[PDB]
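Data first, discussion second: the structure below is written as structure tokens.
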Ligand SMILES: Nc1ncnc2c1nc(Br)n2[C@H](O)[C@H](O)[C@H](O)CCOP(=O)(O)OP(=O)(O)OC[C@@H]1O[C@@H](O)[C@@H](O)[C@@H]1O
Ligand SMILES: Nc1ncnc2c1nc(Br)n2[C@H](O)[C@H](O)[C@H](O)CCOP(=O)(O)OP(=O)(O)OC[C@@H]1O[C@@H](O)[C@@H](O)[C@@H]1O
């Protein structure tokens, strides 16, 4: 009775904008100077704004970038062929003709809050392609595995120990002729990856602007997403990649992964995978 | 008393067509 | 175990596909799948022979063959509890008399005073804790205090998973008679995950079974909290429309049976409950309601049940087809675009009928009004429909009283029966007074003696002779 | 937080057992996130027995861990090694 009356005494007594977000965080990575705060209200360039005073972003070594070293735009040594190919340094963007002012390429998405050289290699947009291998995760019988809502996709991901994060085997396309060699030289072989480049004809999931933390008001990153899919698991490209492995040279392990909401990847690097979920009816 | 308090705990917890 | 293994295979028989049609469609890296879908290059795994005349293609009649069942026994679900649960394997054409005889005599079950049926959708659903506890407590109390059968599906996903969950919740305490919530399960044998570890002829006694979720395709796994399983055969690998017809036939034949204990005979009442179904529940609810079963749809977390709850007391024919379309367009986001202009017509007609008869239809009103322990709500709807039945000679009164005495709930007797319907001359309660005395029911004898039956009468020479004949058959 | 191999379940249960509040375990952990095959609770059952937590051992034994199993030769050897270090 005493215990029953106490809870009863207690009872009587008690009675979304889509603009880039990661690129706008404070404390630019590995840079002592903090980027000036830009709210979401005035992030676009066209929007009214009157207090603009960001420190000139300076890379640690802008000279070795093989592009314009001009962290400060006092001397416009750079001659960028806007909307045209400039040879070694690409100046053609997937988004389209962006606004140009004072010789500094303006970020099409908006004002990130920091303008300068940036961690990106080249002054202005930097092109990249992120390849992804997607197959349906299979049970012991080999049939497609079901969650409650939809299929499971099985995706191969690679991390290096220093990153403490997982990312797709993609990198900046240093060679114009053959991107995959530099993109995943520590993964395939370059011989098995010469074969992979011969087989490099898949399905184009996403192409356009990418939200990246390095994005300054001058340099931004746009990505290309290619997805090769496996229908059966008896033979072909699966065994071709199994024998097509020289990743044992260095680095950490290369591993297949399931597609899930809590899968450890970079914040918006996994937005590419989320878009790829629509390719084959994936449950996130 | 124990039986009387239980119903009281329950009380406090609960609260043309013609075709 | 000696006379049981004999009374199974030479009367019960299983369907098989004798003919050897090749694979018209090969799916999921498999060529053995041929129309019906078992292994081997042929349609089935039988002898690869011309199989009489080599007539092109097969007919579910010409090329389905019935041969004696080879799978039966006591399934044990590995380390998940040591309870040993019976299972049998049947086909389309087995008369309900055979299954009733097996289940009553050989399996050891007792004839119930009520048949509560649990039919619901199979898309997994998650529901609020209040309604969750209410449903569990109500189902367990109504199915334990009356000794009723809880016939339902055998899968491990959905409403039947919820009732397995509630049976587990009962076994958590199990104040007395732990193995008394017998829940026979009905499911298709052709869609079971680890069913190849159960095919053992002339007795698969303790045949261990392993359950593994997220390791199947579209097929289904067995439950672990049910007490009995009856699996049906069609000689098919991936169809889901074979258990419902047989279940309806058997459930209809059960209610035909009459129970006679103590001198009063009643036909077993039959009630139905639903929870967020899909397209086939508008079969089961209609098929149940047209007969006269008190279907009990619950308001809350419903794809289908909530639709009836929403359109429930709104009067008949006041709803338009466009109104029903806009009602349906606010609840079915996943397939709101795959709904044909003809899919609306079926649902409109069936909702029209179900909601038109509000005497049989009953909405739960989870917490608004009548939010009792569910047991009395189900009993109240059942007695509502029993009151709605035909009666010419003051039979409703006596039948309802007999049924209340057959159960063991005096609150129902005093708050529904004994309060209403007038008349009830004290001599009228004599026939059920005998059963109440025989079955040792002191509450009901007190209530009857309150209403006017005099112990000075009702003790006749004939009545005393009857009572001494039915004396407790365990006494010195 | 990140979890690839059903680690959230085990981590939350380990943390609840590390604390001494069974209400949290039953109202947040043990009610949700599905699955939890009775063999999964064995690693934390050992810690619950070692640290003298009767409420958690009752709750685990309610969920399905059978005392017929989980007493292995290795498990018994482990338990006797971690016996209360203040005993005769
Ligand atoms: N979705 C992302 N993609 C690339 N970077 C990202 C991403 N998210 C973040 Br936040 N970051 C930042 O880079 C991290 O903060 C690291 O501190 C930065 C580099 O250090 P790491 O983590 O060691 O290397 P990665 O990030 O894996 O790739 C970098 C490659 O290597 C360089 O030479 C460059 O040419 C290539 O972009
Ligand atoms: N054990 C199962 N039974 C029926 N279907 C099942 C089962 N397991 C799975 Br896997 N599925 C599949 O899902 C079906 O293809 C559903 O279409 C899929 C979505 O489920 P629902 O559409 O929500 O539910 P219904 O289609 O209306 O069938 C209600 C039935 O009728 C009652 O008598 C009971 O025998 C059943 O509950």
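Protein chains in written order, with full-length UniProt numbering: chain A, 1151 to 1165, 1235 to 1503; chain B, 1151 to 1165, 1235 to 1238; chain C, 56 to 531; chain D, 444 to 531.
In this text, a Cβ means the ideal position worked out from N, Cα and C, and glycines have one as well.
Expressed to the nearest angstrom, what Euclidean distance is found between the alpha-carbon atoms of residue i and residue j?
i: residue 157 of chain C; j: residue 68 of chain C; result: 14 Å
i: residue 352 of chain C; j: residue 527 of chain D; result: 57 Å
i: residue 511 of chain D; j: residue 229 of chain C; result: 20 Å
i: residue 379 of chain C; j: residue 403 of chain C; result: 7 Å
i: residue 457 of chain D; j: residue 444 of chain D; result: 15 Å
i: residue 62 of chain C; j: residue 125 of chain C; result: 12 Å
i: residue 90 of chain C; j: residue 98 of chain C; result: 7 Å
i: residue 500 of chain C; j: residue 437 of chain C; result: 24 Å
i: residue 1498 of chain A; j: residue 1424 of chain A; result: 7 Å
i: residue 1504 of chain A; j: residue 1340 of chain A; result: Since the displayed chain A opens at 1151 and closes at 1503, residue 1504 of chain A lies outside it and no answer follows.
i: residue 454 of chain D; j: residue 513 of chain D; result: 20 Å
i: residue 1275 of chain A; j: residue 1462 of chain A; result: 49 Å
i: residue 348 of chain C; j: residue 249 of chain C; result: 36 Å
i: residue 141 of chain C; j: residue 306 of chain C; result: 19 Å
i: residue 115 of chain C; j: residue 76 of chain C; result: 13 Å
i: residue 333 of chain C; j: residue 1251 of chain A; result: 59 Å
i: residue 395 of chain C; j: residue 374 of chain C; result: 20 Å
i: residue 1304 of chain A; j: residue 1266 of chain A; result: 30 Å
i: residue 1412 of chain A; j: residue 1396 of chain A; result: 14 Å
i: residue 200 of chain C; j: residue 433 of chain C; result: 13 Å
i: residue 1331 of chain A; j: residue 1360 of chain A; result: 50 Å
i: residue 1308 of chain A; j: residue 1318 of chain A; result: 19 Å
i: residue 1243 of chain A; j: residue 137 of chain C; result: 59 Å
i: residue 1485 of chain A; j: residue 1382 of chain A; result: 10 Å
i: residue 1237 of chain A; j: residue 1334 of chain A; result: 22 Å
i: residue 442 of chain C; j: residue 414 of chain C; result: 10 Å
i: residue 256 of chain C; j: residue 204 of chain C; result: 29 Å
What does residue i pair with, by DSSP beta-bridge criteria?
i: residue 140 of chain C; result: C:130
i: residue 1305 of chain A; result: A:1308
i: residue 49 of chain C; result: This structure does not reach residue 49 of chain C, given that chain C is present from 56 up to 531, and the question cannot be answered.
i: residue 1475 of chain A; result: A:1375
i: residue 1276 of chain A; result: A:1335
i: residue 82 of chain C; result: C:85
i: residue 101 of chain C; result: DSSP, once it has assigned bridges, lists no residue as partnering residue 101 of chain C.
i: residue 530 of chain C; result: None; residue 530 of chain C has no bridge partner.
i: residue 1353 of chain A; result: A:1374 and A:1448
i: residue 204 of chain C; result: C:170
i: residue 1428 of chain A; result: A:1441
i: residue 327 of chain C; result: C:172 and C:350
Taking 9 Å as the CB-CB cut-off, is residue i touching chain G?
i: residue 463 of chain D; result: In the structure shown, chain G does not exist; the protein chains are A, B, C and D.
Here's a check: name, in chain order, each residue in its chain whose Cβ is nearer than 8 Å to the Cβ of residue i, leaving out the five neighbours to either side.
i: residue 268 of chain C; result: 211 and 276
i: residue 252 of chain C; result: 262, 263, 264 and 265
i: residue 525 of chain C; result: 317, 318 and 493
i: residue 467 of chain D; result: 459
i: residue 399 of chain C; result: 376, 379, 380 and 383
Output needed for residue i: all residues of its chain with C-beta closer than 6 Å, excluding positions within five of it in sequence on either side, in chain order.
i: residue 1445 of chain A; result: 1350 and 1421
i: residue 1268 of chain A; result: 1261
i: residue 1408 of chain A; result: 1465
i: residue 301 of chain C; result: 287
i: residue 1377 of chain A; result: 1388 and 1473
For residue i, which residues in the same chain have their Cβ closer than 7 Å to its Cβ, ignoring the five residues on either side in sequence?
i: residue 1398 of chain A; result: 1348 and 1392
i: residue 304 of chain C; result: 151
**Prompt:** Using 8 Å as the Cβ pair cut-off and three pairs as the minimum, do the stretch 155–175 of chain C and the stretch 207–224 of chain C touch?
**Reply:** yes
**Asked** Are the stretch 469–488 of chain C and the stretch 504–518 of chain C in contact at 8 Å, needing three or more beta carbon pairs?
**Response** yes
**Item:** At least 3 beta-carbon pairs within less than 8 Å: the stretch 332–349 of chain C vs the stretch 404–416 of chain C
**Value:** Yes, since at least three Cβ pairs between the stretch 332–349 of chain C and the stretch 404–416 of chain C fall closer than 8 Å, the two stretches touch.
**Item:** Three CB pairs or more closer than 8 Å across the stretch 1321–1333 of chain A and the stretch 1364–1374 of chain A
**Value:** no
**Request:** Say whether the stretch 362–379 of chain C touches the stretch 416–427 of chain C, bearing in mind that this needs 3 or more beta-carbon pairs closer than 8 Å, one atom from each stretch.
**Result:** yes
**Message:** Can you confirm whether the stretch 239–252 of chain C touches the stretch 281–295 of chain C when touching is taken to mean that 3 or more C-beta pairs between the two stretches lie within less than 8 Å?
**Reply:** yes
**Item:** Cβ pair count under 8 Å reaching 3, the stretch 138–153 of chain C against the stretch 485–503 of chain D
**Value:** no
**Asked** Would you call the stretch 220–234 of chain C and the stretch 181–193 of chain C in contact, with 3 or more CB pairs under 8 Å?
**Response** yes
**Message:** When you compare the stretch 320–334 of chain C with the stretch 381–392 of chain C, are there three or more beta-carbon pairs, one atom per stretch, that lie closer than 8 Å?
**Reply:** The stretch 320–334 of chain C, when compared against the stretch 381–392 of chain C, does not touch it at the 8 Å Cβ threshold.
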